[PDB]
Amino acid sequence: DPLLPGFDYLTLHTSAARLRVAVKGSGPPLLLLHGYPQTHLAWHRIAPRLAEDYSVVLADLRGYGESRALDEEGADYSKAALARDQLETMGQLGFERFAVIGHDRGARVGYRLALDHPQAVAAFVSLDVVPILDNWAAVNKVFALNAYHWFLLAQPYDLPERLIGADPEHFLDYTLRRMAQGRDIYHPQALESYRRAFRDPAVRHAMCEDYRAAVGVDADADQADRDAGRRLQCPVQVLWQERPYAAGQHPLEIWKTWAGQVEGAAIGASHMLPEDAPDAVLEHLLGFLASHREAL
């Protein structure tokens, strides 16, 4: 089967970025946002099916893949900035209000977009992500061992850039295998795209900047919303990895503290839901989008 058949590849010029986007379909708009260390190609098992019924927009996050900040010295890689990129992207394409489906860092862009710009987000789906404020509250020995890179990549410039940049393909391949729990989920051609992006020192730097923002400004934004009692205003679906969750850490429970309309389900796969469990994800997504068709 070919990758993203019928998708039209665009480069959008926005106020602060040059963004790679791929689009297909007609009907209500959906924006799909990948995570780390990937690109929009992570959606290749999901996006074709959705494009049969919806307007589907796939984007590389600022700094990832083929998307770049225009300021290559000191750009803002906070989730708030990347959320504004999404508003500009969808606006240019003709959409002022749209559903957002995110995985990993893209879910973090997505919920920040929903909180900051509730008029723009019709529905939100998180694939195996809860807000960073909740993650930081969960840090203990096992968390920090499991997610050591959250701490490495957030160290001050240029410590992690120097380490991860020495043998970029080794580190990329190690990371993808680990995130997949050793499962054979990566299409060899999607892999080459992830590899080429990671060989670019600007991409690696942007990734570090994402992780620095997660520690700092992104967490501060989440706290300000929590302080204000601000919640997502749209229907929310969370699809999470089947694993044990400590008290207070179950993703459905967490999302119910951030939104009044929440549903979800466990999926028996790795964290890499788009590539590992696309049929299960599709079944849940299609049902959610159909059930909230009025919201769209």
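The numbering used is simple: start at 1 and walk along the sequence shown.
- The deposited model assigns a higher average Cα B-factor to 287-295 than to the other stretch when 2-10 and 287-295 are compared.
- Remark: stretch with higher mean C-alpha B factor among 24-32 and 63-71 is 63-71.
- Considering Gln38, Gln261, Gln241, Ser55 together, the PDB entry gives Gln261 the largest C-alpha B factor.
- Between the residues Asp222, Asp104, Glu209, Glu88, the entry's highest C-alpha temperature factor is the one at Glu88.
- Sort the chain's modelled residues by C-alpha temperature factor and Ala120 lands in the highest third, per the entry.
- Among all modelled residues in this chain, the alpha-carbon of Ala138 has a temperature factor (C-alpha) in the middle third.
- In this PDB entry, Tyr157 carries a Cα temperature factor that places it within the middle third of its chain's modelled residues.
- Sort the modelled residues of the chain by CA B factor and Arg49 lands in the middle third.
- Split the chain's modelled residues into thirds by C-alpha temperature factor. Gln237 is in the lowest one.
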